[PDB]
file data.txt (compact mmCIF, N, CA, C and O atoms)
# COMPACT_ATOMS: atom_id res chain seq x y z
N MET A 1 56.24 92.76 5.12
CA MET A 1 56.98 93.76 5.94
C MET A 1 58.46 93.38 5.97
O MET A 1 58.81 92.20 6.11
N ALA A 2 59.33 94.38 5.85
CA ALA A 2 60.77 94.14 5.86
C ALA A 2 61.52 95.47 5.84
O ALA A 2 62.06 95.87 4.81
N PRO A 3 61.57 96.15 6.95
CA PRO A 3 62.28 97.46 7.06
C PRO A 3 63.79 97.30 6.94
O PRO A 3 64.36 96.30 7.36
N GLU A 4 64.44 98.31 6.35
CA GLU A 4 65.89 98.27 6.17
C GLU A 4 66.60 98.64 7.47
O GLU A 4 66.44 97.96 8.48
N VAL A 5 67.37 99.73 7.44
CA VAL A 5 68.08 100.18 8.63
C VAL A 5 67.14 101.04 9.47
O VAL A 5 66.66 102.07 9.00
N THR A 6 66.88 100.64 10.71
CA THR A 6 65.99 101.45 11.56
C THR A 6 66.80 102.55 12.23
O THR A 6 67.81 102.27 12.87
N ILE A 7 66.38 103.79 12.06
CA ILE A 7 67.10 104.92 12.65
C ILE A 7 66.36 105.46 13.86
O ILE A 7 65.47 106.30 13.75
N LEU A 8 66.75 104.97 15.03
CA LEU A 8 66.15 105.40 16.30
C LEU A 8 67.26 105.89 17.22
O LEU A 8 67.72 105.17 18.11
N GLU A 9 67.70 107.13 16.99
CA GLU A 9 68.78 107.74 17.78
C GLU A 9 68.31 109.05 18.42
O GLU A 9 68.48 110.12 17.84
N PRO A 10 67.76 109.00 19.61
CA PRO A 10 67.28 110.22 20.32
C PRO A 10 68.46 111.10 20.76
O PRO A 10 68.30 111.98 21.61
N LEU A 11 69.63 110.86 20.18
CA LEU A 11 70.82 111.63 20.51
C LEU A 11 70.73 113.03 19.93
O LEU A 11 71.54 113.42 19.08
N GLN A 12 69.73 113.79 20.37
CA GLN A 12 69.53 115.15 19.88
C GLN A 12 70.61 116.10 20.39
O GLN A 12 71.09 116.96 19.66
N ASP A 13 70.99 115.95 21.66
CA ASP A 13 72.01 116.81 22.25
C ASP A 13 72.39 116.30 23.63
O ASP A 13 71.52 116.00 24.44
N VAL A 14 73.70 116.20 23.90
CA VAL A 14 74.16 115.72 25.21
C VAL A 14 75.11 116.73 25.85
O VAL A 14 76.04 117.22 25.21
N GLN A 15 74.87 117.02 27.13
CA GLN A 15 75.70 117.97 27.88
C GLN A 15 76.14 117.34 29.19
O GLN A 15 75.36 116.67 29.86
N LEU A 16 77.40 117.55 29.56
CA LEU A 16 77.93 116.98 30.79
C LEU A 16 79.14 117.77 31.28
O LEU A 16 80.02 118.12 30.51
N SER A 17 79.15 118.05 32.58
CA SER A 17 80.24 118.81 33.18
C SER A 17 81.56 118.03 33.08
O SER A 17 81.57 116.81 33.15
N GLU A 18 82.65 118.77 32.93
CA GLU A 18 83.98 118.16 32.83
C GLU A 18 84.31 117.37 34.09
O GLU A 18 83.96 117.79 35.20
N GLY A 19 84.99 116.24 33.92
CA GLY A 19 85.37 115.40 35.05
C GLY A 19 84.41 114.23 35.23
O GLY A 19 84.70 113.27 35.95
N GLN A 20 83.25 114.31 34.57
CA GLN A 20 82.24 113.25 34.66
C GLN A 20 82.33 112.32 33.45
O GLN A 20 82.66 112.74 32.34
N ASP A 21 82.01 111.04 33.67
CA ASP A 21 82.04 110.05 32.60
C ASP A 21 80.88 110.29 31.65
O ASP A 21 79.85 110.85 32.04
N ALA A 22 81.04 109.88 30.39
CA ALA A 22 79.99 110.07 29.38
C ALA A 22 79.71 108.77 28.64
O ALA A 22 80.62 107.96 28.42
N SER A 23 78.45 108.57 28.26
CA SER A 23 78.04 107.37 27.54
C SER A 23 76.93 107.69 26.55
O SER A 23 76.08 108.55 26.81
N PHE A 24 76.94 107.00 25.41
CA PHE A 24 75.94 107.20 24.35
C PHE A 24 75.19 105.89 24.11
O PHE A 24 75.74 104.81 24.29
N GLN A 25 73.93 106.01 23.69
CA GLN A 25 73.10 104.83 23.42
C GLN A 25 72.15 105.10 22.26
O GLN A 25 71.46 106.12 22.24
N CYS A 26 72.11 104.17 21.31
CA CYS A 26 71.22 104.32 20.15
C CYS A 26 70.82 102.96 19.61
O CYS A 26 71.63 102.04 19.55
N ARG A 27 69.56 102.83 19.20
CA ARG A 27 69.05 101.57 18.66
C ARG A 27 69.00 101.63 17.14
O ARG A 27 68.28 102.45 16.57
N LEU A 28 69.76 100.75 16.48
CA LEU A 28 69.78 100.71 15.02
C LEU A 28 69.54 99.29 14.52
O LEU A 28 70.43 98.45 14.61
N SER A 29 68.35 99.03 13.99
CA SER A 29 68.04 97.69 13.48
C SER A 29 68.96 97.35 12.33
O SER A 29 69.62 98.22 11.77
N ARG A 30 69.00 96.06 12.00
CA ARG A 30 69.86 95.57 10.94
C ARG A 30 69.60 96.32 9.64
O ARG A 30 68.57 96.98 9.47
N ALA A 31 70.55 96.21 8.72
CA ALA A 31 70.46 96.88 7.43
C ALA A 31 69.88 95.96 6.37
O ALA A 31 69.44 94.85 6.66
N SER A 32 69.87 96.45 5.14
CA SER A 32 69.35 95.70 4.01
C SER A 32 70.11 96.12 2.76
O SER A 32 70.63 95.28 2.02
N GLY A 33 70.19 97.43 2.54
CA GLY A 33 70.92 97.97 1.40
C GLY A 33 72.37 98.19 1.80
O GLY A 33 73.25 97.42 1.43
N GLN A 34 72.61 99.26 2.57
CA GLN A 34 73.96 99.58 3.05
C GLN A 34 73.98 99.70 4.57
O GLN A 34 72.96 100.00 5.19
N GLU A 35 75.14 99.46 5.16
CA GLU A 35 75.30 99.54 6.62
C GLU A 35 75.70 100.96 7.02
O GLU A 35 76.40 101.65 6.28
N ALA A 36 75.25 101.40 8.19
CA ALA A 36 75.58 102.74 8.67
C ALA A 36 77.06 102.82 9.05
O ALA A 36 77.65 101.84 9.50
N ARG A 37 77.64 104.00 8.86
CA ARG A 37 79.05 104.22 9.17
C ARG A 37 79.19 105.10 10.41
O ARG A 37 78.46 106.07 10.58
N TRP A 38 80.16 104.75 11.26
CA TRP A 38 80.43 105.49 12.49
C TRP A 38 81.67 106.36 12.28
O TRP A 38 82.67 105.90 11.73
N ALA A 39 81.60 107.62 12.69
CA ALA A 39 82.74 108.52 12.50
C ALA A 39 82.64 109.75 13.38
O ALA A 39 81.55 110.17 13.76
N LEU A 40 83.80 110.33 13.70
CA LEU A 40 83.87 111.54 14.53
C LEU A 40 84.71 112.60 13.82
O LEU A 40 85.84 112.34 13.41
N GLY A 41 84.15 113.80 13.69
CA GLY A 41 84.86 114.90 13.03
C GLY A 41 84.75 114.79 11.51
O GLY A 41 85.44 115.49 10.78
N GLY A 42 83.88 113.89 11.05
CA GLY A 42 83.68 113.69 9.62
C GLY A 42 84.58 112.58 9.10
O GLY A 42 84.36 112.04 8.01
N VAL A 43 85.60 112.24 9.88
CA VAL A 43 86.55 111.18 9.51
C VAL A 43 86.34 109.95 10.40
O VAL A 43 85.96 110.09 11.56
N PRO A 44 86.58 108.75 9.90
CA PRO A 44 86.40 107.53 10.72
C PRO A 44 87.24 107.61 12.00
O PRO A 44 88.34 108.17 12.00
N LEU A 45 86.70 107.08 13.09
CA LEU A 45 87.38 107.11 14.39
C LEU A 45 88.04 105.77 14.70
O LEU A 45 87.99 104.84 13.90
N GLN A 46 88.64 105.68 15.88
CA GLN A 46 89.30 104.45 16.32
C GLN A 46 89.06 104.24 17.81
O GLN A 46 89.36 105.10 18.63
N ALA A 47 88.51 103.08 18.15
CA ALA A 47 88.23 102.77 19.55
C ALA A 47 89.54 102.62 20.33
O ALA A 47 90.01 101.51 20.58
N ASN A 48 90.10 103.76 20.74
CA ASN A 48 91.34 103.76 21.51
C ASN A 48 91.11 103.14 22.88
O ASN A 48 90.06 102.55 23.13
N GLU A 49 92.08 103.29 23.78
CA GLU A 49 91.94 102.75 25.12
C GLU A 49 90.80 103.45 25.85
O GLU A 49 89.88 102.81 26.37
N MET A 50 90.85 104.78 25.86
CA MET A 50 89.81 105.58 26.49
C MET A 50 88.50 105.42 25.72
O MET A 50 87.42 105.33 26.31
N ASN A 51 88.61 105.39 24.39
CA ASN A 51 87.45 105.25 23.52
C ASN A 51 87.25 103.78 23.16
O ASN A 51 87.95 103.24 22.31
N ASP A 52 86.29 103.15 23.82
CA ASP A 52 85.99 101.74 23.58
C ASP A 52 84.58 101.62 23.03
O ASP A 52 83.68 102.33 23.47
N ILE A 53 84.39 100.73 22.07
CA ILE A 53 83.07 100.53 21.46
C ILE A 53 82.64 99.08 21.59
O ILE A 53 83.41 98.16 21.30
N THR A 54 81.40 98.87 22.02
CA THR A 54 80.86 97.52 22.19
C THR A 54 79.50 97.38 21.53
O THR A 54 78.67 98.29 21.59
N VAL A 55 79.27 96.23 20.90
CA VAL A 55 78.00 95.95 20.23
C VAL A 55 77.37 94.71 20.84
O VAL A 55 78.02 93.68 21.02
N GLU A 56 76.08 94.81 21.16
CA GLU A 56 75.34 93.70 21.76
C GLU A 56 74.19 93.26 20.87
O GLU A 56 73.96 93.84 19.81
N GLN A 57 73.46 92.25 21.33
CA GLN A 57 72.32 91.75 20.58
C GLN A 57 71.30 92.86 20.40
O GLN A 57 71.39 93.92 21.02
N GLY A 58 70.33 92.62 19.53
CA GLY A 58 69.30 93.62 19.27
C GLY A 58 69.90 94.78 18.49
O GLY A 58 69.32 95.86 18.39
N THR A 59 71.08 94.54 17.93
CA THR A 59 71.77 95.57 17.16
C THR A 59 71.94 96.84 17.99
O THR A 59 71.87 97.96 17.47
N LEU A 60 72.16 96.65 19.29
CA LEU A 60 72.34 97.77 20.21
C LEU A 60 73.77 98.32 20.10
O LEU A 60 74.73 97.56 20.00
N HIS A 61 73.90 99.65 20.13
CA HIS A 61 75.21 100.31 20.04
C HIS A 61 75.46 101.13 21.31
O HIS A 61 74.52 101.63 21.92
N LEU A 62 76.73 101.23 21.73
CA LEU A 62 77.05 101.98 22.95
C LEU A 62 78.49 102.49 22.93
O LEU A 62 79.44 101.71 22.95
N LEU A 63 78.63 103.82 22.91
CA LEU A 63 79.96 104.44 22.93
C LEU A 63 80.40 104.59 24.38
O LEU A 63 79.89 105.44 25.10
N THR A 64 81.34 103.77 24.80
CA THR A 64 81.83 103.83 26.17
C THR A 64 83.01 104.79 26.27
O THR A 64 84.12 104.47 25.84
N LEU A 65 82.76 105.96 26.84
CA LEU A 65 83.80 106.98 27.01
C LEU A 65 84.15 107.11 28.48
O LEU A 65 83.31 107.47 29.30
N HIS A 66 85.41 106.82 28.83
CA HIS A 66 85.84 106.91 30.22
C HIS A 66 86.08 108.37 30.61
O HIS A 66 85.29 109.25 30.29
N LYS A 67 87.18 108.61 31.32
CA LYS A 67 87.50 109.97 31.76
C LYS A 67 87.50 110.93 30.58
O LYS A 67 88.49 111.06 29.86
N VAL A 68 86.37 111.61 30.39
CA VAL A 68 86.23 112.56 29.30
C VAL A 68 87.09 113.80 29.54
O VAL A 68 87.48 114.10 30.67
N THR A 69 87.38 114.52 28.46
CA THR A 69 88.18 115.74 28.52
C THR A 69 87.55 116.80 27.64
O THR A 69 86.75 116.49 26.76
N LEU A 70 87.90 118.06 27.87
CA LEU A 70 87.35 119.13 27.05
C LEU A 70 87.71 118.88 25.59
O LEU A 70 87.00 119.30 24.68
N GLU A 71 88.83 118.19 25.40
CA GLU A 71 89.31 117.87 24.05
C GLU A 71 88.43 116.82 23.39
O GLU A 71 88.26 116.81 22.17
N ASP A 72 87.88 115.92 24.20
CA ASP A 72 87.04 114.84 23.68
C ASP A 72 85.79 115.41 23.01
O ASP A 72 85.32 114.87 22.00
N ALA A 73 85.25 116.49 23.57
CA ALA A 73 84.05 117.10 23.01
C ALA A 73 84.19 117.27 21.50
O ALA A 73 85.28 117.56 21.00
N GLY A 74 83.09 117.10 20.79
CA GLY A 74 83.10 117.23 19.34
C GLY A 74 81.76 116.81 18.74
O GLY A 74 80.81 116.51 19.46
N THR A 75 81.69 116.79 17.41
CA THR A 75 80.47 116.42 16.70
C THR A 75 80.59 115.04 16.07
O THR A 75 81.51 114.78 15.29
N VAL A 76 79.63 114.15 16.38
CA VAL A 76 79.62 112.80 15.80
C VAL A 76 78.65 112.77 14.63
O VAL A 76 77.53 113.28 14.72
N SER A 77 79.08 112.19 13.51
CA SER A 77 78.25 112.12 12.30
C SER A 77 78.06 110.67 11.85
O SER A 77 78.88 109.80 12.13
N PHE A 78 76.94 110.43 11.15
CA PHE A 78 76.62 109.10 10.66
C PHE A 78 76.16 109.17 9.20
O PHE A 78 75.49 110.13 8.80
N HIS A 79 76.51 108.15 8.42
CA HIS A 79 76.12 108.10 7.00
C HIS A 79 75.57 106.73 6.64
O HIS A 79 76.29 105.73 6.65
N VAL A 80 74.28 106.68 6.30
CA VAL A 80 73.62 105.41 5.92
C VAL A 80 73.03 105.54 4.52
O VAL A 80 72.38 106.53 4.19
N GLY A 81 73.26 104.53 3.68
CA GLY A 81 72.75 104.56 2.31
C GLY A 81 71.25 104.81 2.28
O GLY A 81 70.66 104.96 1.21
N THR A 82 70.62 104.86 3.46
CA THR A 82 69.17 105.10 3.54
C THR A 82 68.87 106.49 4.11
O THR A 82 67.99 107.19 3.60
N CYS A 83 69.59 106.89 5.16
CA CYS A 83 69.36 108.20 5.78
C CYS A 83 70.63 108.71 6.46
O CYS A 83 71.58 107.96 6.67
N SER A 84 70.64 110.01 6.80
CA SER A 84 71.80 110.63 7.46
C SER A 84 71.37 111.38 8.72
O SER A 84 70.24 111.87 8.80
N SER A 85 72.27 111.48 9.69
CA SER A 85 71.96 112.18 10.94
C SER A 85 73.24 112.61 11.65
O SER A 85 74.33 112.16 11.31
N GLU A 86 73.10 113.49 12.64
CA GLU A 86 74.26 113.97 13.40
C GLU A 86 73.84 114.42 14.80
O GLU A 86 72.65 114.53 15.10
N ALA A 87 74.83 114.68 15.65
CA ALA A 87 74.57 115.11 17.02
C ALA A 87 75.75 115.92 17.55
O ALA A 87 76.88 115.71 17.12
N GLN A 88 75.48 116.84 18.48
CA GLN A 88 76.54 117.68 19.05
C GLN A 88 76.72 117.40 20.54
O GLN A 88 75.78 117.51 21.33
N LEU A 89 77.95 117.05 20.92
CA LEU A 89 78.28 116.77 22.33
C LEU A 89 79.11 117.91 22.88
O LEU A 89 80.23 118.16 22.43
N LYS A 90 78.55 118.63 23.86
CA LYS A 90 79.24 119.77 24.47
C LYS A 90 79.63 119.49 25.91
O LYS A 90 78.99 118.69 26.60
N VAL A 91 80.68 120.17 26.35
CA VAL A 91 81.18 120.03 27.72
C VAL A 91 81.14 121.38 28.41
O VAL A 91 81.61 122.38 27.88
N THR A 92 80.55 121.40 29.61
CA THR A 92 80.44 122.63 30.38
C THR A 92 81.52 122.66 31.46
O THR A 92 81.66 121.70 32.22
N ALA A 93 82.28 123.75 31.52
CA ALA A 93 83.34 123.86 32.51
C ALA A 93 82.77 123.75 33.91
O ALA A 93 81.70 124.29 34.20
N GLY A 94 83.49 123.06 34.79
CA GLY A 94 83.04 122.89 36.17
C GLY A 94 84.05 122.06 36.96
O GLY A 94 83.61 121.26 37.78

call {"tool": "encode", "arguments": {"input": "data.txt", "output": "structure tokens"}}
result
Amino acid sequence: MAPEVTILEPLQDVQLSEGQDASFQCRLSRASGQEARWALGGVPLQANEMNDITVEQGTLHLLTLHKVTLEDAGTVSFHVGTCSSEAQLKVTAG
């Protein structure tokens, strides 16, 4: 037994009213062939001040988004030499 990149991202769809903080969580086991790539809008992103990214043991991933904005909303995409996936993050006015 020796699985490559485990793709366990229940990030099917996330909705949150404006003014509220947002956070993402996904479990991705280590790779073997190629490593998964993180990107927003199809282009690589950058963990700005508001956008901070932290990685913990167990190959755990977590997108820490502080004061979200209607502008922050968008589509996050991933590309792995083994499989591909995506998710849509929407913001509801309120």

call {"tool": "atom_distance", "arguments": {"input": "data.txt", "atom1": "atom CA of residue A:37", "atom2": "atom N of residue A:79"}}
result
4.7 Å

call {"tool": "axis_aligned_box", "arguments": {"input": "data.txt", "around": "stretch 80-89 of chain A", "padding_each_side": "5 Å", "output": "lines of an AutoDock Vina configuration file"}}
result
center_x = 74.1
center_y = 111.3
center_z = 12.0
size_x = 22.2
size_y = 23.6
size_z = 31.7

call {"tool": "atom_distance", "arguments": {"input": "data.txt", "atom1": "atom CA of residue A:9", "atom2": "atom N of residue A:50"}}
result
23.7 Å

call {"tool": "atom_distance", "arguments": {"input": "data.txt", "atom1": "atom N of residue A:45", "atom2": "atom C of residue A:74"}}
result
12.3 Å

call {"tool": "closest_residue", "arguments": {"input": "data.txt", "among": "A:64, A:23, A:77, A:69", "to": "residue A:91", "atoms": "only C-alpha atoms"}}
result
A:69

call {"tool": "select_by_dssp", "arguments": {"input": "data.txt", "residues": "stretch 48-81 of chain A", "states": "strand (DSSP E)", "output": "PyMOL selection string"}}
result
chain A and resi 51-56+60-65+74-79

call {"tool": "closest_residue", "arguments": {"input": "data.txt", "among": "A:66, A:76, A:32, A:49", "to": "residue A:19", "atoms": "all atoms listed in the file"}}
result
A:66

call {"tool": "residues_near_point", "arguments": {"input": "data.txt", "point": "(69.7, 104.1, 16.1)", "cutoff": "5 Å", "atoms": "all atoms listed in the file", "output": "mmCIF file with N, CA, C and O atoms, keeping the file's coordinate frame"}}
result
data_model
loop_
_atom_site.group_PDB
_atom_site.id
_atom_site.type_symbol
_atom_site.label_atom_id
_atom_site.label_comp_id
_atom_site.auth_asym_id
_atom_site.auth_seq_id
_atom_site.Cartn_x
_atom_site.Cartn_y
_atom_site.Cartn_z
ATOM 1 N N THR A 6 66.880 100.640 10.710
ATOM 2 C CA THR A 6 65.990 101.450 11.560
ATOM 3 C C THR A 6 66.800 102.550 12.230
ATOM 4 O O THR A 6 67.810 102.270 12.870
ATOM 5 N N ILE A 7 66.380 103.790 12.060
ATOM 6 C CA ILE A 7 67.100 104.920 12.650
ATOM 7 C C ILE A 7 66.360 105.460 13.860
ATOM 8 O O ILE A 7 65.470 106.300 13.750
ATOM 9 N N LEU A 8 66.750 104.970 15.030
ATOM 10 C CA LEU A 8 66.150 105.400 16.300
ATOM 11 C C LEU A 8 67.260 105.890 17.220
ATOM 12 O O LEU A 8 67.720 105.170 18.110
ATOM 13 N N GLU A 9 67.700 107.130 16.990
ATOM 14 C CA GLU A 9 68.780 107.740 17.780
ATOM 15 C C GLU A 9 68.310 109.050 18.420
ATOM 16 O O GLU A 9 68.480 110.120 17.840
ATOM 17 N N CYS A 26 72.110 104.170 21.310
ATOM 18 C CA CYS A 26 71.220 104.320 20.150
ATOM 19 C C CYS A 26 70.820 102.960 19.610
ATOM 20 O O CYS A 26 71.630 102.040 19.550
ATOM 21 N N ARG A 27 69.560 102.830 19.200
ATOM 22 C CA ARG A 27 69.050 101.570 18.660
ATOM 23 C C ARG A 27 69.000 101.630 17.140
ATOM 24 O O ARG A 27 68.280 102.450 16.570
ATOM 25 N N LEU A 28 69.760 100.750 16.480
ATOM 26 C CA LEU A 28 69.780 100.710 15.020
ATOM 27 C C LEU A 28 69.540 99.290 14.520
ATOM 28 O O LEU A 28 70.430 98.450 14.610
#

call {"tool": "closest_residue", "arguments": {"input": "data.txt", "among": "A:36, A:16, A:22, A:11", "to": "residue A:82", "atoms": "only N, CA, C and O atoms"}}
result
A:36

call {"tool": "residues_around", "arguments": {"input": "data.txt", "residues": "residue A:21", "least_positions_apart": "5", "cutoff": "6 Å", "atoms": "all atoms listed in the file", "output": "list in words"}}
result
residues 65, 66, 67 and 68 of chain A
